[PDB]
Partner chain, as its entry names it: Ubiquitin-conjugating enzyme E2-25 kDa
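Given next, in structure tokens, is a single chain: the form solved without its partner chain.
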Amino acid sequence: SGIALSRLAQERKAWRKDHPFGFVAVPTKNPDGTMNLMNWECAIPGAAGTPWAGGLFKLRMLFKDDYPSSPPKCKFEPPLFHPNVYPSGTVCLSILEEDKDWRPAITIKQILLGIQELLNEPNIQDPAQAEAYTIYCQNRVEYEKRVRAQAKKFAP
């Protein structure tokens, strides 16, 4: 897709020029070694001063041929404990749905910051995995304990 690839090159240039510290976002490679702009490997650092601090949380960002009409699918690999992350790893977030709050102008940087913000502030209206959601609702102290253990597990 010429339209998607042109925009993704634009995103890559912008990201490399200016991006938040500790974040990573890079396109992958095709089997022949060439760059594959439709599939990115990213990492989001936990915010300091939060239970996510010190963790580095890896995720894949997958673009459809009609991007930026459509949002990327964003999928934590491996899956994360969080009320709004499906067991598959896929992120449940309104800016990542075409029929909700996605806008074509939204940047990869805005997506990754949006997901970082989600990590530390779950949306109770969007339960995506039963366990983390139930614990978040029932016992915030236990919830944060599980989150800190997870951050340690994924320390760089």
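Positions refer to the first chain, counted from 1.
J.: Which is higher on average in the deposited entry, the C-alpha temperature factors of 25-33 or of 102-110?
T.: Higher mean C-alpha B-factor: 25-33.
J.: If you average the CA temperature factors as listed in the entry, which stretch comes out higher, 84-92 or 44-52?
T.: According to the entry, 44-52 carries the higher average C-alpha B-factor.
J.: Of the three thirds of its chain by CA temperature factor, lowest, middle or highest, which one includes residue 13?
T.: It falls in the top third of the chain.
J.: Among the modelled residues of this chain, does the Cα B factor of residue 61 put it in the lowest, middle or highest third?
T.: For residue 61, whose C-alpha B-factor we compare with every modelled residue in the chain, the answer is the lowest third.
J.: Select lowest, middle or highest to describe the third in which the CA B-factor of residue 4 falls within its chain in this entry.
T.: Lowest third.
J.: What third of the chain, by the recorded C-alpha B-factor, contains residue 128?
T.: Within its chain, residue 128 is a middle-third residue by C-alpha B-factor, going by the deposited values.
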